[PDB]
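Novice:
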Ligand SMILES: NC(=O)c1ccc[n+]([C@@H]2O[C@H](COP(=O)([O-])OP(=O)(O)OC[C@H]3O[C@@H](n4cnc5c(N)ncnc54)[C@H](OP(=O)(O)O)[C@@H]3O)[C@@H](O)[C@H]2O)c1
Ligand SMILES: O=C(O)c1ccccn1
Ligand SMILES: O=C(O)c1ccccn1
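Residue numbers (the deposited numbering): 2 to 159, 168 to 239.
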């Protein structure tokens with residue numbers, strides 16, 4: 002029985018986590034907190050074991066510190082942490098023998114897509130990325146596409170033609186009706202191999218989130234990246 006707080010309970014992601022957690026029998030939602038709630042107080046009142054954070058880049062680091070300093074384990078999906086902040090959080094976690102998970106992408110499908118794309122790039126040097134999002138996704142290319150290109154470029158090194174990121178063209182489609190999609194297309198003599206993730210809605214992150222809630226109990230340090238729980 003894991004006592005969970007959802008921080009950011011009123012946000013788009015916090016609302017979806019609230020809906021889905023009820024069906025997780027080994028987890029109990031003991032509170033949902035928002036901007037003007039006292040997070041440390043709630044952790045103490047509820048004896049929280051885990052705090053899921055889907056808040057804002059301006060608050061995420063201080064939220065993480067409050068969660069650890071209060072004795073609970075952060076499972077952080079919020080974007081915004083710097084390298085130096087993650088390294089400091091890790092030392093704080095290990096000092097207290099408390100676990101933490103920071104995942105820039107909580108979709109298992111997206112993280113496996115990136116894993117297999119990086120592997121395949123050892124065999125197929127020619128590759129492009131197509132990513133497609135609803136129009137509310139303002140940034141292009143997407144952070145996931147940029148990270149994918151970074152991973153592929155690392156493996157290799159070891168105007169219609171898109172935006173090159175670490176050597177890899179990325180094409181960004183923005184259309185109503187889509188949610189979050191990416192296809193990595195490798196080409197060779199006579200064939201292609203495509204690794205394609207289709208995120209239909211925000212439930213796409215829930216198996217990754219709930220997995221983190223469970224694994225963070227068995228950890229005494231910080232894990233960065235959902236792929237390191239797999
Ligand atoms: N890691 C992943 O797979 C992934 C997936 C989706 C989203 N995200 C990231 O997670 C974050 C949340 O995204 P979203 O779409 O849910 O955003 P959102 O709809 O804007 O929700 C953010 C929520 O956090 C609340 N909040 C703001 N400051 C807070 C604070 N100091 N303490 C507690 N709550 C606070 C807001 O409250 P108010 O309503 O009062 O403003 C709002 O309810 C973003 O950084 C987003 O990029 C990550
Ligand atoms: O692993 C990362 O750093 C990452 C993953 C997906 C999106 C942005 N960043
Ligand atoms: O709001 C988004 O853009 C989103 C949310 C969850 C998963 C992928 N993308």
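Each residue gets a CB set at the ideal place from its N, CA and C atoms; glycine is no exception.
Taking 7 Å as the cut-off, is the beta-carbon of residue 189 closer than that to any non-hydrogen atom of ligand 3?
Specialist: yes
Novice: Considering only the beta carbon of each residue, do residue 52 and residue 216 sit closer than 8 Å?
Specialist: no
Novice: Residue 19 and residue 30 look like a contact to me (Cβ under 8 Å); what is the Cβ gap, rounded to whole Å?
Specialist: 7 Å
Novice: Over what stretch of residues does the alpha helix (DSSP H) that includes residue 118 continue unbroken?
Specialist: 109-121
Novice: Report yes if the C-beta of residue 19 is less than 7 Å from at least one heavy atom of ligand 3; otherwise report no.
Specialist: no
Novice: Taking residue 77 as the reference, which of 147, 201, 54, 93 has the closest Cα?
Specialist: 54
Novice: What span of residues does the beta strand (DSSP E) with residue 178 cover, start to end?
Specialist: 177-183
Novice: For residue 206, which of helix, strand or coil comes out of DSSP?
Specialist: strand
Novice: Would you tell me roughly how many angstroms separate the C-alpha atoms of residue 203 and residue 140, rounded to the nearest one?
Specialist: 24 Å
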